[PDB]
Structures are given as structure tokens and as C-alpha cells.
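An overview of the molecular structure
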Amino acid sequence: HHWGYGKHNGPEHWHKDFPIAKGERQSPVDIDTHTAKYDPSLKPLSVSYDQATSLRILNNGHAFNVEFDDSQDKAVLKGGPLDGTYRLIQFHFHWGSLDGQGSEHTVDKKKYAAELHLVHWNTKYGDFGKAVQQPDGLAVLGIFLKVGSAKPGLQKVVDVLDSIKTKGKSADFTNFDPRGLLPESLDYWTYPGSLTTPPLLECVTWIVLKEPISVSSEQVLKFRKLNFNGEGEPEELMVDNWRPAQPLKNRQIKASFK
Ligand SMILES: NS(=O)(=O)c1cc(F)cc(F)c1
Ligand SMILES: [Hg+2]
Ligand SMILES: [Zn+2]
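Residues numbered from 1 in each chain as written, not as in the entry; some residues may be left out. Chains lettered and ligands numbered in written order. Heavy atoms only, no water.

Method of determination for the deposited model, per the PDB record: X-ray crystallography, at 2.09 Å resolution.

**Some details on the site of ligand 1**
Keep this limit in mind: Near residues are defined by distance, with any heavy atom within 4 Å of the molecule or strand qualifying the residue. We call two N or O atoms a polar contact when they sit within 3.5 Å, provided that within protein one can donate a hydrogen and the other can accept it, with sequence-adjacent residues counted only if both atoms are side-chain atoms. For every accessible area listed, the method is Shrake-Rupley and the probe measures 1.4 Å; residues are considered covered only by the protein chains on display. Grid spacing is 1 Å over the protein atoms alone, the probe is 1.4 Å, and a cavity is where that probe fits but cannot get out, while a pocket is an open set with protein on both sides within 12 Å along at least five of seven lines and lining residues have an atom within 4 Å of a point. Grid points define the cavity or pocket, and a molecule sits in it when more than half of its atoms lie within 2 Å of them.
Taken together, the neighbourhood of ligand 1 is formed by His92, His94, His117, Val119, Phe128, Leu195, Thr196, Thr197 and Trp206. Taking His94, its side chain carries an N or O atom lying 3.2 Å from a nitrogen atom of ligand 1. Here an oxygen atom of ligand 1 and a side-chain polar atom of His117 are 3.1 Å apart. For ligand 1, the protein covers 85% of the area, taking 320 Å² as the surface of the free molecule. Among the cavities detected, the one that contains ligand 1 is the largest pocket.

**Some points on the environment of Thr197**
Worth spelling out the cut-off: In this description a helix means any DSSP run of H or I spanning at least four residues, a strand means any run of E spanning at least two, and both kinds are numbered starting from the N terminus. Residues count as neighbours in contact if any of their non-hydrogen atoms are within 4.5 Å of one another.
Tracing the chain through its elements places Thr197 in the loop between strand 12 (188-193) and strand 13 (204-209). Through-space distance from the C-alpha of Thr197 to that of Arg243 is 7.5 Å; in sequence the pair is 46 residues apart. Excluding its chain neighbours within four sequence positions, the residues that come into contact with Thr197 are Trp3, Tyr5, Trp14 and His94.

**Here we look at the coordination of the zinc ion (ligand 3)**
Each pair of donors in an ideal four-coordinate tetrahedral metal site encloses 109.5 degrees, whereas pairs in an ideal six-coordinate octahedral site enclose 90 or 180 degrees. As a reminder, the rule being used: Metal coordination here is assigned from N, O and S atoms located within 2.8 Å of the ion, or within 3.2 Å for Na, K and Ca; omission of water means that sites may look incomplete. Throughout this description, buried means an accessible area under 20% of the type-specific maximum (1.4 Å probe, protein chains only), exposed means over 50%, and partly exposed covers the range between.
For the zinc ion (ligand 3), the protein coordination sphere consists of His92 (NE2), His94 (NE2) and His117 (ND1), at 1.8 to 2.1 Å. Here the donor residues of the zinc ion (ligand 3) share one chain and are spaced in sequence as H-x1-H-x22-H. With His94 in strand 7 (residues 86-95) and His117 in strand 9 (residues 114-122), this pair connects stretches of sequence that are 23 residues apart. Like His117, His94 is buried.

**A word on the UniProt feature "binding site: Zn(2+)" in the protein chain**
Applicable threshold: UniProt positions are given in the numbering used here, feature names are shortened, and annotations may be inferred rather than shown by experiment.
Within the UniProt annotation, "binding site: Zn(2+)" is assigned to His92, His94 and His117. The largest pairwise C-alpha distance within this set of annotated residues, which runs over 26 residues, is 8.1 Å, so the set is compact in three dimensions. None of the other annotated residues line the largest pocket; only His92, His94 and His117 do. Not counting residues within four places of it along the chain, the set of residues in contact with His94 comprises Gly102, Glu104, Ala114, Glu115, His117, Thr196, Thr197 and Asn241. A polar side-chain atom of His94 sits 2.7 Å from a polar atom in the side chain of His117.

**Thoughts on the pattern of salt bridges**
The cut-off we apply is this: A side-chain nitrogen of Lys or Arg and a carboxyl oxygen of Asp or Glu constitute a salt bridge if their distance falls within 4 Å.
According to the stated counting rule, one finds 11 salt bridges in the structure shown. Note that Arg87 and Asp73 form a salt bridge whose closest N and O atoms lie 2.9 Å from each other. With a gap of 14 residues between them, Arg87 in strand 7 and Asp73 in the loop between strand 5 (64-68) and strand 6 (76-79) connect regions that are remote in the sequence. Residue classification places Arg87 among the buried residues on the basis of a relative accessible area of 15%.

**Structural notes on unusual backbone geometry**
The omega torsion across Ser27 and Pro28 is 0°, close enough to zero to call that bond cis. Relative to the helices and strands, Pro28 resides in the segment before strand 1 (30-31). At the junction of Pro198 and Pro199, the peptide bond is cis and its omega measures out at 0° in the coordinates. As for its placement among the helices and strands, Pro199 is situated in the loop between strand 12 and strand 13. The backbone phi angle of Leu200 is positive, close to 60°, even though this residue is not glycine. Secondary-structure assignment places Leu200 in the loop between strand 12 and strand 13. Given a relative accessible area of 0%, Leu200 falls into the buried group. Even without being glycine, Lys249 reaches a positive phi, approximately 60°.

Set out below in C-alpha cells:
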């Protein structure tokens, strides 16, 4: 059936329709700090978001995304473990019903309140569709959110959620600066993985930042007020839209710092 996060169509059922679910490079995984390999040959991250053009915010029934104009090298990511330029196409969050759960990746088994995913695709492939067929087609920057003080740069997103309550609704969302969601440090962990939602394709290089950002209870509280359902259907609150950590198998998590 159309996949979801419920008892009957959740992550433990995805394998029936998406065999790749039991593959060798599935995400997310648990980050074991004592086992991660510090690699000094890794380069520093290069994030150029000064010419970014946000366009729209939409509730797709699984989460809400903020889409950006990716027809040109306007907001890119390079460096780190990547080769080539990757264009930002959208960012979304994964969160929980309670502050002690919500993130997809865990560090030493610890779950954060939420996780931000800035999705980028390798420009050498032409368009997003082609990149999802290549082993190095996508690069997602993952940022953990912990409950604390308000994040000013996130406030514009919070204000507009009201108009995109149910599945299928969208609102114009121009002039948003994604630079306001980055932590101070760009130190990160990296490993080969996959999308965390169906089709679960193994086309991703994961870059998870070491330093989380702080957002207030009221800020995260407004995420929980979104709906999985569409207008007119019975109401299911949008919470716990996250996949459990998958076995590492034979992969190595590397780190840019020591
Ligand atoms: N969750 S995720 O970041 O791996 C992801 C990225 C994407 F571009 C599309 C998806 F459906 C899911
Ligand atoms: Hg792929
Ligand atoms: Zn995601």
C-alpha cells in the first residue's frame, strides 16, 4: 500500500514493495564515535548559499519541504568527501512526538529531537532524476536539532506552517536564507548510504554535522501540528516520521576532526 510510518505501512513493511530495504548500504545508521576513522585527507566543507532562491513550501504527506530554484549554480556544496558540485534542491525535517526522539541518525545511540536534511544532487548528471540512478548522485547534509533557545533563522518557516496543514497544500515562500540554519562549526562525519524513505535508493553520500543547532519548544511544537492526512480525511498528526537505524554491514564512518 502507499507507504507510511504507521503500524500497518511502516518501515518494517517497506521491504515487501521495496526489496532494496535489506541492502548493504541503507541509512540511517548509528554513529559510533569510538569506531569512526579520523581522516586528515578529507577537505573542509564549502557551502555557498549566498545566491539561493527559495520558491515554495509544501506538505507532501510525509513531511514538509522547502524547494529551491536549482536551474543554476546558485547555492552549492563542494569539498569535504565530495567531487564536483552539488546543487541544493530542497530541505526537510524528520521529528518526533516527544523531544527524546525524532532524529534518524543517532550518535552513540543518542537520539535528538529532530533532523534537518539539505538535499543536493551531483551537477555532472544533468537533473535530479538522473542522479538517483548513480552511486554518487546525491549528497545530504544532516543537522541535528536539540531543544533549547530559539533559532531566529527558523522562525519564518514556523510562521508559515499554518497555511500548509494538510497533505497537498503549498504556499509561496520566497527570499528565505538557508544560511540562518547552519551551526557555527562545519566539522562532520561521512559514509555511503541511501535515502531514508522509499524508494530507498543507495545513491547518497552522507555528511552529518557534529554540532547541532538549538530550537525552542514552541518552535518544535508547531511541527507536530501538521497533518499526514489531506483536507477532509480523518486527522492523523504528523509526528515520528523517522526510520530506525540500519545495520552498518561492511562500511566505515570517517570523521573530519579529532
Ligand atoms: N530523507 S532523505 O533525505 O534521505 C530524502 C532525500 C530526498 F531527496 C528524497 C527523499 F524522499 C528522502
Ligand atoms: Hg543510485
Ligand atoms: Zn530526509
